[PDB]
Every structure is written in structure tokens, then in C-alpha cells.
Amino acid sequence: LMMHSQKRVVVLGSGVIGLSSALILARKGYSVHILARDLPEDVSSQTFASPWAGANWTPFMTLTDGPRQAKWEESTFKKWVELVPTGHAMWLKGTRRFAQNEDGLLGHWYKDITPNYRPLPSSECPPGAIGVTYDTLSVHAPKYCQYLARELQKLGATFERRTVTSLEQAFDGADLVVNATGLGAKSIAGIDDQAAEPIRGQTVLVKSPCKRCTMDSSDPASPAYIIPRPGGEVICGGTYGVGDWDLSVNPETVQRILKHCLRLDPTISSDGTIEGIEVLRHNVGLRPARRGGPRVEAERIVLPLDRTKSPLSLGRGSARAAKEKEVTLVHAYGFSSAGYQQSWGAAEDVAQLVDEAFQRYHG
């Protein structure tokens, strides 16, 4: 007769959001099991977003447009500062950010967070653009997820590969599931979120000692960015193909990205020429976005699902009776281009929801 945990949770999804959520929950003493198709070792899988990120910290919204986003970003920045001494985050000093106009600078909301925030002279901006410079942070996206997974291991979390098609498959040994499935949220019966949408991102991974980050959104015909990451590599971007699921490498996009990035910073090349850029890999990832913005909220759901709850429910459309339980589903998906920079704060909110659901529904 052993005393068993009464704090079992399943985290569905093992991208940066599921991992982060799982880790804060494990630290809170929950017994966490992670079910996911794609795990942190899957560093070249295109069926999730987390391998493909820069990943730096670049707010995309004003406070009014994205209040949660800013909260989550501010918390995550603090966490990443803490990870610098052990090398899991890296300073991007004198990052340059260009926008089409003052509006594009988002009210400078984050100017107390990123050190050394100041306007750039126009001489230091692309023609016609406006700019600021500041010190921000980046992580090595796949290695960051792997770091989180090691931390999870130590805290007793376990992992299992599984591809779920219906919610009851996730409610396996737990009455609460954290739904961190990115794009998968659309096709799991019981979630069925039609608002989930990819935003396609093509990049070039380059071998370069360049330590300068440049984020250029000043040309609406050509998104571009240069994001150094721990390890002597830089990610050159990019694209924002809303609703585009295409996983193939576009060769014209390669040329556009490298030419633009070279304009922004010739030192990504050995000799300031395209031909001098040491290409390591051509990448395409699908950012997991959601119309209406990220979904971070707790839902109460009765199982088994019926065809009235979900067009994708399994079995015959005639459903009832056998057996019925009510469970908690805590959503955490749709972070689009900002999943890493929001991850820790989002995970904090997820963990608060789990605590509250446990109080209300799970003893």
C-alpha cells in the first residue's frame, strides 16, 4: 500500500510550449507524462514548429493588441537572462530593428526590458525606414527544447510517442491534459479548432561568426532577419506565408533572403558576397498560429465525445451512455511567430490554470 500521486497530468505536445508547461508543472510537484508525435530529438521534423525557430526575443505587438503576449514575453526575458551563465541563452548586443514607420515600433513598450534601447539614426537604417537598437536574447531552438527535456527528466517527467486523433486517447492515466499541439489542434476530435493556421517560414542556416542580430520589417515585399544562435551559426530569414502548408524549399526565396540579409549585414559572408555565404541547411517550418490569437484557457469536457461535440468523433454517429466522465483540458496553442519568446510566461499561465482546475475539479 503505497501513497500515490494525486497530481497526475498529461501534456499533449512536446514543442517548446508543451515542454515549458510540463516543466513548471513538474517543479510544482505534478506527475507529468508527455504524449507527443514529435519529441526534442526530432530536430529536422517538419511536422512541428519548434525545431525551426531563431529563436530570439522580438515583440511583435503593442500592449493594447497583445497584452498577454507582452506579459509572457517580459517573463520569458527574465528567464532567459538567468540562462546566460550556463550558455542556454545568448546576448544579441546591439540588435538592430527596422520598421516601415513609427507605428511599426509598437510604442517601444519593451524599452525597459531590453538593455540599451535607443533610436537609430536614419544613416544606420535602410533607406526610408525607421529603426531602434537594443540588446536582446536568443536560444538555440532545438537544443533549448532538449535542455528543457533534460530538466524534465530530472523532475520525474516521462515521454511517450503517440499521435492522438481523439481526446480520450490523451486522457490516459490523467483527468487533466494540457493541449499544446500547435497545428494539430485542428484535427483532434474534441478540439477541432478550425482557427488554427500555419504561417510558413523558410530560412537559410549559415555558418558565420556574425554576432549581430538584424530584424528588418521595413520592406513589406521582403521580410528579412539575421539571428545568431549559440554555436557559430546564424539563421537568415524569412517568410510569413499565412495559410501556406508548403514544406518544400523555394529556390527563388533562397536568393531573396540571402541578398536581403547581405544588404543588412555583409559579415554573414566570408567576403561580403552571396557566394561567400557558408550555407549549412535550407529550412521550412510551419509556425502554429491561430486566428483570434493564442489560446490559453481551461475547458471542461465530457467523455466519451459524441458526433454532436465533434465532426471527427470516432465510431458511429449514434453515440451516448457508455460511460461518461468530465475532465479538464487546458489549451496552450497558436503562438505563431512568438512561441519561444512567450514560452515561459505562457507556461506560467498554464500552470496557474492547472492549479485552479485542480482546486475546483480534481480534489
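One rule holds for the numbers: they count along the sequence shown, beginning at 1.
Q) Between 183 to 191 and 126 to 134, which has the higher average C-alpha B-factor in the PDB entry? A) According to the PDB entry, the answer is 126 to 134.
Q) Of the two stretches 284 to 292 and 114 to 122, which shows the higher Cα B-factor on average in the entry? A) In the deposited entry, the stretch with the higher C-alpha B-factor mean is 114 to 122.
Q: Quick one: which of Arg263, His140, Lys71, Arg150 shows the highest Cα temperature factor in the PDB entry?
A: The C-alpha B-factor peaks, among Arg263, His140, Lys71, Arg150, at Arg263.
Q: Compare the CA B factors listed in the entry for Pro40, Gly315, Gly54, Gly66 and report the winner.
A: Highest C-alpha B-factor among the listed options: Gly315.
Q.
Split into thirds by Cα B-factor across the chain's modelled residues, where does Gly243 land: lowest, middle or highest?
A. Answer is lowest: the recorded C-alpha B-factor places it there.
Q: Would you mind ranking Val204 by its C-alpha B-factor against the rest of the chain and naming the third, lowest, middle or highest?
A: Bottom third by C-alpha B-factor.
Q. Which third of the chain does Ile268 land in by C-alpha B-factor: lowest, middle or highest?
A. Its C-alpha B-factor belongs to the highest third of this chain's values.
Q) Going by the entry, which third of its chain does the Cα temperature factor of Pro59 land in? A) Its C-alpha B-factor, which the entry lists for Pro59, ranks in the lowest third among residues of this chain.
(Q) Please place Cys210 in the lowest, middle or highest third of its chain according to the CA B-factor in the PDB entry. (A) Highest third, going by the recorded CA B-factors of the chain.
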